[PDB]
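Participant: Have a look at the structure that comes next, please.
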Amino acid sequence: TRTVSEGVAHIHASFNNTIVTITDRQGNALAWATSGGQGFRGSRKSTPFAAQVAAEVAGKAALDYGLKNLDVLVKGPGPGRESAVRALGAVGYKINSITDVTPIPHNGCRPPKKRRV
Amino acid sequence: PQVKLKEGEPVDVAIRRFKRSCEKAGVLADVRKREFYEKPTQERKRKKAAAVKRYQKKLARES
Amino acid sequence: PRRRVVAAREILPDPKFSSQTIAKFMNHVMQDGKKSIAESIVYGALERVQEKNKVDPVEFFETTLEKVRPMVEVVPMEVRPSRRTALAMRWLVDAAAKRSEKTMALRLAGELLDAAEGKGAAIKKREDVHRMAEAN
RNA sequence: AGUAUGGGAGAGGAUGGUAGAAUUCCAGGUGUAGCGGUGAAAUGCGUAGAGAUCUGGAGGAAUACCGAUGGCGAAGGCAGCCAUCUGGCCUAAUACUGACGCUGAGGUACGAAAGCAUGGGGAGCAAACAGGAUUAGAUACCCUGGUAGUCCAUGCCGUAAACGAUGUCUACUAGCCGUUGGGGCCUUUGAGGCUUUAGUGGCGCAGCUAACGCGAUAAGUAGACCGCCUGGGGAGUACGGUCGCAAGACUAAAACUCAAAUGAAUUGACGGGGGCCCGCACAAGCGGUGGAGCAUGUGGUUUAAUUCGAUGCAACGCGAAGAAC
RNA sequence: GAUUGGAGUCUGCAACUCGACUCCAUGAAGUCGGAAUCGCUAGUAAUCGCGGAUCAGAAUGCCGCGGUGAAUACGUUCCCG
RNA sequence: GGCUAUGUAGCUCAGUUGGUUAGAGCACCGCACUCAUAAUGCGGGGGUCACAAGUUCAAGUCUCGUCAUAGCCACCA
Ligand SMILES: NCCC[C@H](N)CC(=O)NCCC[C@H](N)CC(=O)NCCC[C@H](N)CC(=O)N[C@@H]1[C@H](O)[C@@H](OC(N)=O)[C@@H](CO)O[C@H]1NC1=N[C@@H]2C(=O)NC[C@@H](O)[C@H]2N1
């Protein structure tokens, strides 16, 4: 119902899953899709293809809200960031900027123990 | 990063300028380092090995 | 072959039309060394299409094979020119068998005639291939 | 050996304040089916609305980049920034005292982490513990949680592969290349080049060593003083004693038993160590087997006997190129 | 073209257990085969027939012979040695 | 007595008001993978969907009754 022209794309990429959230500016969410939603259960969540599918779904859903140019922010390591941002452009959006915003501590809290596998 | 994109820049080329920006920044290296806690003994050993390797590289490139 | 690169085999043109495309199509049709039966089938099909429409068999066969020829295969990948002709002949062979004419030569002539105007089962197979291809 | 005066570098120590990033929790806005986790899963969280995203609060702990084979400290150790109190070191030239030195049994001070006592604090992490996995079993490694503890104040404990496995002090013995803090000299406008000194590194002549290796930061050549060793186990154990709230620490045997236990280096073998290449090994193709009926061999079962061998690849149309007698 | 009923030939002292072949009758499963797995780089694979050793008789096995006669190899990631 | 809710393989949960044209997970047995094993992958077997009738072109799936069970309530010969 509400019409916005400019938007923000948030990509939450990890070694386990990829979450794509489309917001307007000021951070109010409009649409979201994840690799878990489009099948790809379990270990299949982390492949770049699943991230691409989720990004395509989220972009198509946001197109109903009807915005044409968006700014993407990538937060996190792992596969699917590049595939997801490519899929957003391939849907027909104009990307205005692309930057990394993963949080980095200035030596804050202690991380968990190292895995002995 | 803040990779702003020109009128004639394609989407793929913009993303490519992006991974170069982020690879130059090296944030993913910090993310890799942060995920598990490393003991001070292991950190000291790693830095000692790095210093030895750097000096060997300097000697090799000088002669 | 790891190190060695092997040259592609060169086959002789067919004795009748001196066409390596016809020779290779005959080789695809032939089973267990019955080149005589393969020749009978292929030459009967060409004679049938020639009497149906007064057009040079070589030109008709090459035009139809170009029409059926795929630029991509089937999960999309890319193919080389040789694979294009190989897959075109491969798909053209089966539909004639599933047709219902009394002889294989008549069946294959009918299949070629139907694929030339686009209402062929091989054409449908190519359509499946490319409507699969746009998936990626 | 020490004192006065000028100058310099430093995560040296103690007290207080303060800044930014991030994690967790709380409230709210958008919004809707998943999130999280693994080799794969599951336990767990979520339609009384999670995860994601934005704004605002609470609290604790630690200080990204700089960062360095760098620096400081007797050792243990010390890293955001600012102020206060405070120790040592380096460097120049004069002046001053005139052997005032070195080492050090007993003694005494400090002394990582864990642990203990009293009172606080508690974000994250995490012994014990609970559950889910894996496994023949799993008490573990993996996963989801989680208490002591890790933090502060005041005390105790006195041990570490507390290591350079190398006690402190002094003098002498080729050279070459780095780096940190200073002094001097020379070019000539500003940045370079020579030296000298105190640290910190890489090679290396002589010498030394069983060898590996050390080699002006000696494991070389000599001197002063202290500590320690005398085959492997029993054993840093027992009894006695000192200290400690306790855990325990320190001092420290014998009976008995074996003919070895060790260090360095050499050849081979092995590795669920690495690198390199080839092969119808995989890819690309064509045709088969596993399904049916029958032939033949084997296992098993049965039998009076179903004669004996061959058993992963490398046994199974194999010895047998031919059992009605 | 399995199985079964009936009738025969030959080898052999002797075809019940337990031979091969011929004729009449009968006419089973089977309509292309799951997970998986095998061979083959050219006169090869595939397909068609012919011969021999053993041997009185008893090959779909073994060892040979010729006829017709293909498809595909971009490459070394992956699997095996 | 009144109101409700259930009864599906060797063991369990679906399938729930029409054309249900009963499946899913563990038990097995056989096969495959392995140097040997698992897990896993494949195949086969293992119920006849509480019973009895009614409508209907469609009934485990709906309507009537008869069982077994569970929950709450009511019972002054
Ligand atoms: N005046 C007061 C000054 C005080 C200050 N301390 C200065 C000083 O006095 N120094 C004296 C030098 C003695 C040195 N500590 C002995 C030594 O160096 N090795 C011990 C002898 C073992 C053996 N015979 C040789 C050996 O195995 N070597 C290895 C080897 O080359 C290489 O290992 C591998 N896998 O290839 C390398 C990479 O790690 O490690 C070396 N090993 C090590 N390198 C380290 C190092 O130098 N130190 C600390 C420790 O970590 C050392 N171990």
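Each chain in the structure tokens gets a letter, A, B and so on, in the order shown; residues start at 1 in every chain, and ligands are counted from 1 in the order they appear.
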What does the list of residues within 9 Å of ligand 1 look like if you count only C-alpha atoms (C1' of nucleotides) and all ligand atoms, written as a PDB file with N, CA, C and O atoms (P, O5', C5', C4', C3', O3' and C1' of nucleotides), in the first residue's frame?
Facilitator:
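Below you can see part-v9.pdb, which holds the result:
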ATOM      1  N   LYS B  45      53.470 -17.177  19.933  1.00  0.00           N
ATOM      2  CA  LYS B  45      54.134 -18.078  18.993  1.00  0.00           C
ATOM      3  C   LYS B  45      53.846 -17.680  17.549  1.00  0.00           C
ATOM      4  O   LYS B  45      54.745 -17.702  16.697  1.00  0.00           O
ATOM      5  N   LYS B  48      55.880 -14.607  16.719  1.00  0.00           N
ATOM      6  CA  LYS B  48      57.287 -14.966  16.578  1.00  0.00           C
ATOM      7  C   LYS B  48      57.560 -15.599  15.217  1.00  0.00           C
ATOM      8  O   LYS B  48      58.527 -15.235  14.532  1.00  0.00           O
ATOM      9  N   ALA B  49      56.703 -16.538  14.807  1.00  0.00           N
ATOM     10  CA  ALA B  49      56.863 -17.164  13.499  1.00  0.00           C
ATOM     11  C   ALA B  49      56.711 -16.142  12.380  1.00  0.00           C
ATOM     12  O   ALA B  49      57.442 -16.187  11.382  1.00  0.00           O
ATOM     13  N   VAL B  52      59.942 -14.140  12.119  1.00  0.00           N
ATOM     14  CA  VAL B  52      60.995 -14.921  11.472  1.00  0.00           C
ATOM     15  C   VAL B  52      60.764 -14.985   9.966  1.00  0.00           C
ATOM     16  O   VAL B  52      61.699 -14.821   9.170  1.00  0.00           O
TER      17      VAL B  52
ATOM     18  P     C D 163      62.993 -20.259  34.855  1.00  0.00           P
ATOM     19  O5'   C D 163      63.374 -20.676  33.368  1.00  0.00           O
ATOM     20  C5'   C D 163      64.214 -19.856  32.564  1.00  0.00           C
ATOM     21  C4'   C D 163      64.011 -20.117  31.091  1.00  0.00           C
ATOM     22  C3'   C D 163      62.630 -19.766  30.548  1.00  0.00           C
ATOM     23  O3'   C D 163      62.753 -19.365  29.184  1.00  0.00           O
ATOM     24  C1'   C D 163      63.034 -22.059  30.219  1.00  0.00           C
ATOM     25  P     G D 164      63.253 -17.889  28.800  1.00  0.00           P
ATOM     26  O5'   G D 164      64.596 -18.142  27.985  1.00  0.00           O
ATOM     27  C5'   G D 164      64.558 -18.634  26.649  1.00  0.00           C
ATOM     28  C4'   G D 164      65.810 -19.395  26.283  1.00  0.00           C
ATOM     29  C3'   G D 164      66.096 -20.641  27.118  1.00  0.00           C
ATOM     30  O3'   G D 164      66.751 -21.605  26.293  1.00  0.00           O
ATOM     31  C1'   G D 164      67.911 -19.171  27.284  1.00  0.00           C
ATOM     32  P     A D 165      66.038 -22.995  25.926  1.00  0.00           P
ATOM     33  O5'   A D 165      65.854 -23.714  27.330  1.00  0.00           O
ATOM     34  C5'   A D 165      66.981 -24.022  28.138  1.00  0.00           C
ATOM     35  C4'   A D 165      66.588 -24.233  29.576  1.00  0.00           C
ATOM     36  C3'   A D 165      67.711 -24.721  30.475  1.00  0.00           C
ATOM     37  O3'   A D 165      67.500 -24.251  31.806  1.00  0.00           O
ATOM     38  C1'   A D 165      66.035 -26.396  30.301  1.00  0.00           C
ATOM     39  P     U D 166      68.015 -22.794  32.246  1.00  0.00           P
ATOM     40  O5'   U D 166      69.545 -22.757  31.802  1.00  0.00           O
ATOM     41  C5'   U D 166      70.586 -23.152  32.690  1.00  0.00           C
ATOM     42  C4'   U D 166      71.916 -22.529  32.328  1.00  0.00           C
ATOM     43  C3'   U D 166      71.961 -21.004  32.314  1.00  0.00           C
ATOM     44  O3'   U D 166      73.268 -20.568  32.694  1.00  0.00           O
ATOM     45  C1'   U D 166      72.533 -21.819  30.181  1.00  0.00           C
ATOM     46  P     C D 212      77.624 -32.161  14.456  1.00  0.00           P
ATOM     47  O5'   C D 212      76.200 -31.669  14.969  1.00  0.00           O
ATOM     48  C5'   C D 212      75.006 -32.305  14.539  1.00  0.00           C
ATOM     49  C4'   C D 212      73.838 -31.937  15.418  1.00  0.00           C
ATOM     50  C3'   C D 212      73.539 -30.453  15.544  1.00  0.00           C
ATOM     51  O3'   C D 212      72.799 -29.949  14.446  1.00  0.00           O
ATOM     52  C1'   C D 212      73.513 -31.449  17.687  1.00  0.00           C
ATOM     53  P     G D 213      72.995 -28.431  13.969  1.00  0.00           P
ATOM     54  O5'   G D 213      72.405 -27.574  15.174  1.00  0.00           O
ATOM     55  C5'   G D 213      72.971 -26.324  15.534  1.00  0.00           C
ATOM     56  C4'   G D 213      73.457 -26.336  16.961  1.00  0.00           C
ATOM     57  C3'   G D 213      74.168 -25.078  17.431  1.00  0.00           C
ATOM     58  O3'   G D 213      73.265 -24.071  17.848  1.00  0.00           O
ATOM     59  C1'   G D 213      75.440 -26.974  18.032  1.00  0.00           C
ATOM     60  P     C D 214      73.579 -22.527  17.559  1.00  0.00           P
ATOM     61  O5'   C D 214      74.665 -22.138  18.652  1.00  0.00           O
ATOM     62  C5'   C D 214      74.346 -22.137  20.034  1.00  0.00           C
ATOM     63  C4'   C D 214      75.554 -21.826  20.879  1.00  0.00           C
ATOM     64  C3'   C D 214      76.316 -20.557  20.529  1.00  0.00           C
ATOM     65  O3'   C D 214      75.713 -19.383  21.042  1.00  0.00           O
ATOM     66  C1'   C D 214      77.841 -22.329  20.838  1.00  0.00           C
ATOM     67  P     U D 217      78.096  -8.540  22.903  1.00  0.00           P
ATOM     68  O5'   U D 217      77.033  -9.405  23.707  1.00  0.00           O
ATOM     69  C5'   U D 217      77.264  -9.780  25.060  1.00  0.00           C
ATOM     70  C4'   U D 217      76.348 -10.896  25.492  1.00  0.00           C
ATOM     71  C3'   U D 217      76.553 -12.227  24.771  1.00  0.00           C
ATOM     72  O3'   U D 217      76.312 -13.306  25.671  1.00  0.00           O
ATOM     73  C1'   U D 217      74.339 -11.473  24.431  1.00  0.00           C
TER      74        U D 217
END
Participant: Find the residues around stretch 72-77 of chain F up to 9 Å (only C-alpha atoms (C1' of nucleotides) counted), leave out those fewer than 6 positions away in its own chain, and share them as a PDB file with N, CA and C atoms (P, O5', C5', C4', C3', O3' and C1' of nucleotides), in the first residue's frame.
Facilitator:
ATOM      1  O5'   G F   1     -28.675 -43.156  31.676  1.00  0.00           O
ATOM      2  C5'   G F   1     -30.006 -42.673  31.779  1.00  0.00           C
ATOM      3  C4'   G F   1     -30.038 -41.217  32.169  1.00  0.00           C
ATOM      4  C3'   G F   1     -29.254 -40.270  31.277  1.00  0.00           C
ATOM      5  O3'   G F   1     -29.955 -39.910  30.102  1.00  0.00           O
ATOM      6  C1'   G F   1     -28.764 -39.804  33.537  1.00  0.00           C
ATOM      7  P     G F   2     -29.145 -39.547  28.763  1.00  0.00           P
ATOM      8  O5'   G F   2     -28.500 -38.126  29.079  1.00  0.00           O
ATOM      9  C5'   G F   2     -29.320 -37.004  29.364  1.00  0.00           C
ATOM     10  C4'   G F   2     -28.500 -35.753  29.535  1.00  0.00           C
ATOM     11  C3'   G F   2     -27.401 -35.538  28.512  1.00  0.00           C
ATOM     12  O3'   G F   2     -27.881 -35.039  27.278  1.00  0.00           O
ATOM     13  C1'   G F   2     -26.557 -35.102  30.670  1.00  0.00           C
ATOM     14  P     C F   3     -27.122 -35.419  25.917  1.00  0.00           P
ATOM     15  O5'   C F   3     -25.889 -34.414  25.879  1.00  0.00           O
ATOM     16  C5'   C F   3     -26.073 -33.029  26.124  1.00  0.00           C
ATOM     17  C4'   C F   3     -24.766 -32.350  26.441  1.00  0.00           C
ATOM     18  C3'   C F   3     -23.643 -32.611  25.457  1.00  0.00           C
ATOM     19  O3'   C F   3     -23.746 -31.798  24.305  1.00  0.00           O
ATOM     20  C1'   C F   3     -22.832 -32.837  27.671  1.00  0.00           C
ATOM     21  P     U F   4     -23.121 -32.296  22.917  1.00  0.00           P
ATOM     22  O5'   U F   4     -21.576 -31.961  23.071  1.00  0.00           O
ATOM     23  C5'   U F   4     -20.597 -32.900  22.669  1.00  0.00           C
ATOM     24  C4'   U F   4     -19.286 -32.674  23.376  1.00  0.00           C
ATOM     25  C3'   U F   4     -18.113 -33.444  22.800  1.00  0.00           C
ATOM     26  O3'   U F   4     -17.546 -32.786  21.684  1.00  0.00           O
ATOM     27  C1'   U F   4     -18.153 -33.715  25.146  1.00  0.00           C
TER      28        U F   4
END
Participant: Using only C-alpha atoms (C1' of nucleotides), what table do you get, as CSV, when you list each residue of chain E with an atom no more than 10 Å from stretch 20-41 of chain F, its nearest pair of atoms, and their distance in Å rounded to one decimal, rows by chain then rising number?
Facilitator:
residue,atom,partner,partner_atom,distance
E:34,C1',F:31,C1',9.6
E:35,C1',F:41,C1',5.7
E:36,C1',F:32,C1',5.6
E:37,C1',F:32,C1',9.3
Participant: Please compute the atom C1' of residue D:51-atom CA of residue A:36 distance, one decimal, in Å.
Facilitator: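 Between these atoms lies a distance of 11.6 Å.
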Participant: What does the distance from atom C1' of residue D:319 to atom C1' of residue E:38 come to in Å, to one decimal?
Facilitator: 27.0 Å
Participant: Please indicate the distance in Å from atom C1' of residue D:180 to atom CA of residue B:58, rounded to one decimal place.
Facilitator: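 Calculated distance between atom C1' of residue D:180 and atom CA of residue B:58 is 19.0 Å.
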Participant: Do you know which residues are at most 9 Å from stretch 81-91 of chain C counting only C-alpha atoms (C1' of nucleotides), after dropping those on the same chain fewer than 6 positions away, and could you put them as a PDB file with N, CA, C and O atoms, in the first residue's frame?
Facilitator:
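So selection.pdb came out as:
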ATOM      1  N   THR C  21      27.722 -34.922 -43.155  1.00  0.00           N
ATOM      2  CA  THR C  21      26.564 -34.870 -42.268  1.00  0.00           C
ATOM      3  C   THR C  21      25.670 -36.088 -42.462  1.00  0.00           C
ATOM      4  O   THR C  21      25.223 -36.697 -41.483  1.00  0.00           O
ATOM      5  N   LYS C  24      27.487 -39.123 -40.968  1.00  0.00           N
ATOM      6  CA  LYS C  24      27.447 -39.162 -39.510  1.00  0.00           C
ATOM      7  C   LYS C  24      26.046 -39.480 -39.002  1.00  0.00           C
ATOM      8  O   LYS C  24      25.888 -40.191 -38.002  1.00  0.00           O
ATOM      9  N   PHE C  25      25.013 -38.968 -39.676  1.00  0.00           N
ATOM     10  CA  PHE C  25      23.648 -39.324 -39.308  1.00  0.00           C
ATOM     11  C   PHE C  25      23.404 -40.814 -39.496  1.00  0.00           C
ATOM     12  O   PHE C  25      22.765 -41.462 -38.658  1.00  0.00           O
ATOM     13  N   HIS C  28      24.992 -42.615 -36.637  1.00  0.00           N
ATOM     14  CA  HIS C  28      24.149 -42.551 -35.445  1.00  0.00           C
ATOM     15  C   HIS C  28      22.977 -43.518 -35.539  1.00  0.00           C
ATOM     16  O   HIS C  28      22.606 -44.151 -34.545  1.00  0.00           O
ATOM     17  N   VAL C  29      22.371 -43.636 -36.721  1.00  0.00           N
ATOM     18  CA  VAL C  29      21.230 -44.536 -36.877  1.00  0.00           C
ATOM     19  C   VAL C  29      21.656 -45.994 -36.754  1.00  0.00           C
ATOM     20  O   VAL C  29      20.925 -46.815 -36.188  1.00  0.00           O
ATOM     21  N   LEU C  65      18.337 -29.840 -39.704  1.00  0.00           N
ATOM     22  CA  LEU C  65      19.261 -30.111 -38.613  1.00  0.00           C
ATOM     23  C   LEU C  65      19.699 -28.822 -37.934  1.00  0.00           C
ATOM     24  O   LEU C  65      19.888 -28.789 -36.717  1.00  0.00           O
ATOM     25  N   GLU C  66      19.875 -27.749 -38.709  1.00  0.00           N
ATOM     26  CA  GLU C  66      20.170 -26.450 -38.111  1.00  0.00           C
ATOM     27  C   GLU C  66      19.000 -25.974 -37.259  1.00  0.00           C
ATOM     28  O   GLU C  66      19.195 -25.429 -36.166  1.00  0.00           O
ATOM     29  N   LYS C  67      17.772 -26.186 -37.738  1.00  0.00           N
ATOM     30  CA  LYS C  67      16.598 -25.808 -36.954  1.00  0.00           C
ATOM     31  C   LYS C  67      16.547 -26.562 -35.630  1.00  0.00           C
ATOM     32  O   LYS C  67      16.241 -25.978 -34.585  1.00  0.00           O
ATOM     33  N   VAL C  68      16.837 -27.863 -35.657  1.00  0.00           N
ATOM     34  CA  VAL C  68      16.757 -28.669 -34.440  1.00  0.00           C
ATOM     35  C   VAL C  68      18.001 -28.478 -33.576  1.00  0.00           C
ATOM     36  O   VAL C  68      18.002 -28.818 -32.387  1.00  0.00           O
ATOM     37  N   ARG C  69      19.053 -27.900 -34.138  1.00  0.00           N
ATOM     38  CA  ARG C  69      20.346 -27.883 -33.476  1.00  0.00           C
ATOM     39  C   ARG C  69      20.297 -27.019 -32.219  1.00  0.00           C
ATOM     40  O   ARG C  69      19.855 -25.865 -32.271  1.00  0.00           O
ATOM     41  N   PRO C  70      20.735 -27.543 -31.075  1.00  0.00           N
ATOM     42  CA  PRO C  70      20.695 -26.759 -29.836  1.00  0.00           C
ATOM     43  C   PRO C  70      21.961 -25.955 -29.593  1.00  0.00           C
ATOM     44  O   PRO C  70      23.075 -26.453 -29.782  1.00  0.00           O
ATOM     45  N   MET C  71      21.789 -24.708 -29.156  1.00  0.00           N
ATOM     46  CA  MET C  71      22.925 -23.902 -28.720  1.00  0.00           C
ATOM     47  C   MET C  71      23.348 -24.230 -27.290  1.00  0.00           C
ATOM     48  O   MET C  71      24.497 -23.976 -26.909  1.00  0.00           O
ATOM     49  N   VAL C  72      22.437 -24.765 -26.473  1.00  0.00           N
ATOM     50  CA  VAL C  72      22.776 -25.280 -25.148  1.00  0.00           C
ATOM     51  C   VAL C  72      22.092 -26.627 -24.954  1.00  0.00           C
ATOM     52  O   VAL C  72      21.142 -26.971 -25.665  1.00  0.00           O
ATOM     53  N   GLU C  73      22.582 -27.394 -23.981  1.00  0.00           N
ATOM     54  CA  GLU C  73      22.048 -28.725 -23.740  1.00  0.00           C
ATOM     55  C   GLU C  73      21.140 -28.726 -22.512  1.00  0.00           C
ATOM     56  O   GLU C  73      21.162 -27.804 -21.692  1.00  0.00           O
ATOM     57  N   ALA C 121       8.306 -33.688 -32.672  1.00  0.00           N
ATOM     58  CA  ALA C 121       8.623 -34.088 -31.304  1.00  0.00           C
ATOM     59  C   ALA C 121      10.051 -33.710 -30.934  1.00  0.00           C
ATOM     60  O   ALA C 121      10.335 -33.388 -29.776  1.00  0.00           O
ATOM     61  N   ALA C 122      10.970 -33.752 -31.902  1.00  0.00           N
ATOM     62  CA  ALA C 122      12.317 -33.247 -31.652  1.00  0.00           C
ATOM     63  C   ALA C 122      12.290 -31.753 -31.355  1.00  0.00           C
ATOM     64  O   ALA C 122      13.048 -31.262 -30.509  1.00  0.00           O
ATOM     65  N   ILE C 123      11.423 -31.015 -32.049  1.00  0.00           N
ATOM     66  CA  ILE C 123      11.247 -29.595 -31.755  1.00  0.00           C
ATOM     67  C   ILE C 123      10.724 -29.411 -30.337  1.00  0.00           C
ATOM     68  O   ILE C 123      11.159 -28.512 -29.610  1.00  0.00           O
ATOM     69  N   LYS C 125      11.274 -31.450 -27.881  1.00  0.00           N
ATOM     70  CA  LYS C 125      12.400 -31.769 -27.008  1.00  0.00           C
ATOM     71  C   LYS C 125      13.330 -30.565 -26.876  1.00  0.00           C
ATOM     72  O   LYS C 125      13.772 -30.225 -25.772  1.00  0.00           O
ATOM     73  N   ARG C 126      13.619 -29.892 -27.993  1.00  0.00           N
ATOM     74  CA  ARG C 126      14.436 -28.681 -27.942  1.00  0.00           C
ATOM     75  C   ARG C 126      13.755 -27.595 -27.111  1.00  0.00           C
ATOM     76  O   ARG C 126      14.418 -26.843 -26.382  1.00  0.00           O
TER      77      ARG C 126
END
Participant: Taking only C-alpha atoms (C1' of nucleotides) into account and nothing else, which residues of chain D lie no more than 7 Å away from chain A? Please answer as a PyMOL selection string.
Facilitator: chain D and resi 21-23+30-31+52-54+61-64+124-125+141
Participant: Which residue gives the smallest distance to chain B among D:181, D:88, D:202, D:34, with only C-alpha atoms (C1' of nucleotides) counted?
Facilitator: D:202
Participant: At a cut-off of 12 Å, list the chain B residues touching chain D, using only C-alpha atoms (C1' of nucleotides), as a list in words.
Facilitator: residues 25, 26, 27, 30, 31, 33, 34, 36, 37, 47, 48, 49, 50, 51, 52, 53, 54, 55, 56, 58, 59, 62 and 63 of chain B
Participant: Residue D:14: which residues within 12 Å, counting only C-alpha atoms (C1' of nucleotides), same-chain residues fewer than 4 positions away excluded, as number ranges by chain?
Facilitator: D: 84-87
Participant: With N, CA, C and O atoms (P, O5', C5', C4', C3', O3' and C1' of nucleotides) retained, could you export that selection as a PDB file, in the first residue's frame?
Facilitator:
ATOM      1  P     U D  84      49.859  16.412  36.855  1.00  0.00           P
ATOM      2  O5'   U D  84      49.680  15.706  38.270  1.00  0.00           O
ATOM      3  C5'   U D  84      49.004  16.359  39.332  1.00  0.00           C
ATOM      4  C4'   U D  84      48.816  15.437  40.509  1.00  0.00           C
ATOM      5  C3'   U D  84      50.072  14.753  41.022  1.00  0.00           C
ATOM      6  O3'   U D  84      50.835  15.580  41.880  1.00  0.00           O
ATOM      7  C1'   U D  84      48.339  13.162  40.808  1.00  0.00           C
ATOM      8  P     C D  85      52.432  15.435  41.933  1.00  0.00           P
ATOM      9  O5'   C D  85      52.670  14.055  42.689  1.00  0.00           O
ATOM     10  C5'   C D  85      52.371  13.921  44.069  1.00  0.00           C
ATOM     11  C4'   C D  85      52.593  12.511  44.554  1.00  0.00           C
ATOM     12  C3'   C D  85      53.947  11.893  44.248  1.00  0.00           C
ATOM     13  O3'   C D  85      54.970  12.315  45.129  1.00  0.00           O
ATOM     14  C1'   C D  85      52.249  10.344  43.734  1.00  0.00           C
ATOM     15  P     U D  86      56.473  12.483  44.593  1.00  0.00           P
ATOM     16  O5'   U D  86      56.903  11.014  44.156  1.00  0.00           O
ATOM     17  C5'   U D  86      57.155  10.012  45.127  1.00  0.00           C
ATOM     18  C4'   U D  86      57.344   8.654  44.503  1.00  0.00           C
ATOM     19  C3'   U D  86      58.538   8.487  43.580  1.00  0.00           C
ATOM     20  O3'   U D  86      59.763   8.333  44.272  1.00  0.00           O
ATOM     21  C1'   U D  86      56.641   7.494  42.596  1.00  0.00           C
ATOM     22  P     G D  87      61.154   8.537  43.497  1.00  0.00           P
ATOM     23  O5'   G D  87      61.514   7.085  42.958  1.00  0.00           O
ATOM     24  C5'   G D  87      61.731   6.013  43.862  1.00  0.00           C
ATOM     25  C4'   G D  87      61.986   4.714  43.144  1.00  0.00           C
ATOM     26  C3'   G D  87      63.152   4.692  42.174  1.00  0.00           C
ATOM     27  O3'   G D  87      64.415   4.575  42.800  1.00  0.00           O
ATOM     28  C1'   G D  87      61.289   3.689  41.158  1.00  0.00           C
TER      29        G D  87
END
Participant: Skip residue A:89 itself and residues of its chain fewer than 2 positions away, then list as a PyMOL selection string all residues within 10 Å of it, counting only C-alpha atoms (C1' of nucleotides).
Facilitator: (chain A and resi 55-56+59+69-70+84-87+91-95) or (chain B and resi 10-12+15)
Participant: Would you pick out the contacts of stretch 1-3 of chain B at 7 Å or less, using only C-alpha atoms (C1' of nucleotides), so that residues sharing its chain but fewer than 3 positions from it are not included, and give the list as an MDAnalysis selection string?
Facilitator: (chainID A and resid 97:100) or (chainID B and resid 18 21:22)
Participant: Dump N, CA, C and O atoms for the selected residues as a PDB file, in the first residue's frame?
Facilitator:
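Ended up saving to out-v5.pdb:
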ATOM      1  N   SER A  97      24.710   2.180  -3.668  1.00  0.00           N
ATOM      2  CA  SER A  97      25.955   2.017  -2.934  1.00  0.00           C
ATOM      3  C   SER A  97      26.001   0.604  -2.381  1.00  0.00           C
ATOM      4  O   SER A  97      24.975  -0.071  -2.264  1.00  0.00           O
ATOM      5  N   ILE A  98      27.210   0.162  -2.049  1.00  0.00           N
ATOM      6  CA  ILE A  98      27.420  -1.176  -1.517  1.00  0.00           C
ATOM      7  C   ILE A  98      28.612  -1.122  -0.569  1.00  0.00           C
ATOM      8  O   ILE A  98      29.722  -0.772  -0.982  1.00  0.00           O
ATOM      9  N   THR A  99      28.383  -1.446   0.702  1.00  0.00           N
ATOM     10  CA  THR A  99      29.406  -1.303   1.727  1.00  0.00           C
ATOM     11  C   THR A  99      29.276  -2.415   2.756  1.00  0.00           C
ATOM     12  O   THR A  99      28.217  -3.029   2.904  1.00  0.00           O
ATOM     13  N   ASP A 100      30.373  -2.663   3.467  1.00  0.00           N
ATOM     14  CA  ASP A 100      30.429  -3.694   4.494  1.00  0.00           C
ATOM     15  C   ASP A 100      30.263  -3.044   5.863  1.00  0.00           C
ATOM     16  O   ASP A 100      30.943  -2.061   6.173  1.00  0.00           O
TER      17      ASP A 100
ATOM     18  N   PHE B  18      33.528  -3.415  -5.332  1.00  0.00           N
ATOM     19  CA  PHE B  18      33.235  -3.623  -3.925  1.00  0.00           C
ATOM     20  C   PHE B  18      34.141  -4.688  -3.313  1.00  0.00           C
ATOM     21  O   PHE B  18      34.591  -4.523  -2.168  1.00  0.00           O
ATOM     22  N   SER B  21      37.378  -3.271  -2.638  1.00  0.00           N
ATOM     23  CA  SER B  21      37.374  -2.361  -1.494  1.00  0.00           C
ATOM     24  C   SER B  21      37.443  -3.139  -0.191  1.00  0.00           C
ATOM     25  O   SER B  21      38.254  -2.832   0.694  1.00  0.00           O
ATOM     26  N   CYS B  22      36.637  -4.190  -0.081  1.00  0.00           N
ATOM     27  CA  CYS B  22      36.564  -4.908   1.185  1.00  0.00           C
ATOM     28  C   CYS B  22      37.783  -5.792   1.400  1.00  0.00           C
ATOM     29  O   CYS B  22      38.186  -6.021   2.544  1.00  0.00           O
TER      30      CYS B  22
END
Participant: Using DSSP on the backbone coordinates, identify all residues within chain A classified as helix (DSSP H, G or I); present the result as JSON, numbers by chain.
Facilitator: {"A": [42, 43, 44, 45, 46, 48, 49, 50, 51, 52, 53, 54, 55, 56, 57, 58, 59, 60, 61, 62, 63, 64, 65, 81, 82, 83, 84, 85, 86, 87, 88, 89, 90]}
